[PDB]
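Written below as structure tokens is the structure these notes are about.
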2 protein chains.
Amino acid sequence: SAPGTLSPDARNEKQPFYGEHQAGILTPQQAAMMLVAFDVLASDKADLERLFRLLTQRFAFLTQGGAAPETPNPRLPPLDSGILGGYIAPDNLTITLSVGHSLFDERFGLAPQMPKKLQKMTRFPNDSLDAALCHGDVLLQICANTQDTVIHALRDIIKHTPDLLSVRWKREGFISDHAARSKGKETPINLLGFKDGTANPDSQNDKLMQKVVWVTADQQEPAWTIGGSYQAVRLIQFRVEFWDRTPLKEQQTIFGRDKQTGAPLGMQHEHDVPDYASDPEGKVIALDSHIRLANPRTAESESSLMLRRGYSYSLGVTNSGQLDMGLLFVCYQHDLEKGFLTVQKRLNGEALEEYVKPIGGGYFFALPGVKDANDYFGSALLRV
Amino acid sequence: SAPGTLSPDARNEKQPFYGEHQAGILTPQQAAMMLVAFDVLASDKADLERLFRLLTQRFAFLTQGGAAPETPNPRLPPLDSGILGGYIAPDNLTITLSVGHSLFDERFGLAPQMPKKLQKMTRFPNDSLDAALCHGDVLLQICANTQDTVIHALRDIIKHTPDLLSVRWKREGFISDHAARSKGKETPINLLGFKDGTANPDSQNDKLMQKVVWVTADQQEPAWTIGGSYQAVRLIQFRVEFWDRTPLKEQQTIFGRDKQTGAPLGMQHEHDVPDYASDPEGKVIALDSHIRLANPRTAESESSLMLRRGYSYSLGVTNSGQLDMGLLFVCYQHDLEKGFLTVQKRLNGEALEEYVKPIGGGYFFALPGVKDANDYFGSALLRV
Ligand SMILES: C=CC1=C(C)c2cc3[nH]c(cc4nc(cc5[nH]c(cc1n2)c(C)c5C=C)C(C)=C4CCC(=O)O)c(CCC(=O)O)c3C
Ligand SMILES: C=CC1=C(C)c2cc3[nH]c(cc4nc(cc5[nH]c(cc1n2)c(C)c5C=C)C(C)=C4CCC(=O)O)c(CCC(=O)O)c3C
């Protein structure tokens, strides 16, 4: 049921930017999203500092809204792109900034300060990673009720960083409109026609999130990272035509769930947790299945939970002529190897692989929240 | 302005599939669009008819809505993709079938029935056309309140035609959210921050549309074309970053209109018609400006009429590193030569070319309407 969904009709609804934590992690999913990675063009630590301050300014403004910055002298470029009209509605916009492995190289001398488990994403067996769609110094996750707002945000940012950022890759996604407008009641349905994110940790549970998502002082981590979160992002293609030609029974054996209800097979309700003990040969829920491999339920690596916050995407055609569509997968963890790396390892060889093809994304660390208007992104990181 | 807009929240809204004309032409603009071109895999006229009859039935079902076709034998593929859940809501869906020049080749014996002005699109001076994004035997223009309904319909059509259609190219589009909710009280804003649609002819105006948009009996066309319409589709990239860093005065000089109000420069209202004769030097509205070149409004310029129904698009990043965003331009006209072909010939060398780049699209003839449940696409074209 977590993190929930937020209604696309709330043009004046605001999400808090300032906080202990960044919005857009625990925040219920907005209808539209953009994942955009950048290469940082900062000369030195001081320039990186200038960028993060500037990002703070822009994010505070856009996420809360206000009248479009007008342009008193027409010899100058417009201060706003104008694609939203004369007023910049906040439209439930959240902007979540996160940093890549590559940012702690020799450029800004932040190597000693790198998060412990942060690393460059390397391939898993079913992957066909496209280098054009991988990594980046920073990633921005931009969510709002509407695609218009999201894009307006991207362009405000670009207009403000021409010598600080260069767009690396970018993908836009959505969640199924029904589940978006039902407001947390209903799970988003993916483009394979199955419900996505049923088994998520209660995101309203501020105490479980401290265990699952947030970095806490107890972990073998650099002090600045506290209140942040390891972010794993995977760009996943679906073989859609082929899928729709595949028996429903087979579709259900692959996921291990009923397609209409989202309940594990042989159980009644969507959120029913199975006992795999009773099904040693996986006659009901295959040992193959997506749900089953995703957790042996051994208790010791139930400690391996993660919050998932994915989005459908639909683009054009693939290089081979098939429909280019699937999943923008995003999950947040207190620990990257304990989270995503453990689970995907666990999932290698799953029957779903015949139908999905990971092609991009990477690992990033989502910074601590900006506490208020005198704080900024990486204020903790750049000090120390 | 015309043709108006429809709000994206209305899942139980219906557009009439059947009638004298196809919907998705005069219909006010829904918030989401897909243009998808197919190659035809039918080998003879018999199979073409089989396809045309089959698209009639699929389109009638999708556009009116209904419970998803249940799959009683799950050893078969699901009869529905399930990405909409149990109910296929109408969601203002319209699906408009058009046929390309190539359909009228030696395959189907249709060469003598070809629309007088139908031709393969060939480049204009500023084009950078991509083979992969051009032409097609048939084009579908699939519009609805939501992206979900549009994709669902595509996948339904694909599932049912594996021996008859192969996807050629596909782009998804959208119109600006604020204007989505105004229901026509606002013209859509394009991704350059300017209003797109202002001077469109009155789409509710019955008699005007008979002159401007529909093929009628007085024009020298094959009978089967009556009530159909010529359709030009241009896939157009915007150089968005360069634009956003261009002076407002020059942005406004290039269009010939005030960005904030949309009014022709030197006038106060959006729909004001400028009289160019009072400004022969073009000191108020530039001579190479989009409004002036397109629309001199002279003697021979009352026949160049077309109806524009364009959508914004945003994908990822071009090979060269720029945001891939632009316009899915579609227009309708009673005669392609007198409409689009004349108008673009006038636009050649306009100042806006620096900022836009046609890369795909095509010319197609949108069929006459399916009269009722006993009629089918192409009945009159396939008859004698
Ligand atoms: C390959 C394409 C993928 C699809 C179509 C997908 C979607 C799903 N993921 C699900 C559950 C899940 N998938 C999971 C691991 C992952 N799955 C991933 C990739 C995909 N994830 C990635 C990447 C994962 C992380 C490593 C986990 C951990 C669950 C939670 C279910 C459980 O048993 O706790 C479910 C079923 C509903 C639910 O939440 O139980 C769907 C439909
Ligand atoms: C090149 C990229 C294009 C952009 C940025 C564009 C956008 C616009 N097109 C406009 C009008 C128009 N554009 C028009 C022909 C075309 N326009 C085309 C492509 C574009 N059209 C193509 C291709 C055309 C076919 C020849 C016409 C005919 C009008 C209506 C004349 C007018 O008053 O602007 C207007 C002015 C307000 C309005 O909607 O009347 C904008 C902002």
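Shown for chain A, in order and in Swiss-Prot numbering: 40-423.
Determined via X-ray crystallography, 2.3 Å.
Using the three backbone atoms N, Cα and C, a Cβ is placed for every residue, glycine included.
According to Swiss-Prot:
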type	residues	note
BINDING	A:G236, A:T237, A:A238, A:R296	protoporphyrin IX binding site
BINDING	A:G236, A:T237, A:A238, A:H329, A:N334, A:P335, A:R336, A:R347	heme b binding site
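Taking every pair among A:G236, A:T237, A:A238, A:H329, A:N334, A:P335, A:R336, A:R347, the residues listed as contacting heme b, the largest Cα to Cα separation comes to 18 Å.
Reported as a whole number, the C-alpha separation between A:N334 (heme b binding site) and A:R296 (protoporphyrin IX binding site) equals 14 Å. Closest to A:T237 (protoporphyrin IX binding site) in space, going by CA atoms and restricting to the binding-site residues A:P335, A:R336, A:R347, is A:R347. On its own chain, A:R347 (heme b binding site) has A:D235, A:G236, A:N239, A:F368, A:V369, A:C370 as residues at least 6 apart in sequence with a Cβ closer than 8 Å to its own Cβ. Closest to A:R296 (protoporphyrin IX binding site) by Cα-Cα distance, out of the binding-site residues A:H329, A:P335, A:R336, is A:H329. For A:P335 (heme b binding site), the Cβ neighbour count at a 10 Å cut-off comes to 13, with all displayed protein chains included.
Listed binding-site residues: A:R296, A:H329, A:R336. The one with the lowest count of other Cβ atoms within 10 Å of its Cβ is A:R336. Taken residue by residue with DSSP, A:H329 (heme b binding site) is part of a helix. When the binding-site residues A:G236, A:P335, A:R336 are checked against ligand 1, A:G236 have a Cβ within less than 6 Å of one of its atoms. In sequence order, A:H310, A:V312, A:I330 make up the list of same-chain residues 6 or more apart from A:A238 (protoporphyrin IX binding site) whose Cβ falls under 8 Å from its Cβ. All chains included, 22 other C-beta atoms sit within 10 angstroms of the C-beta of A:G236 (protoporphyrin IX binding site).
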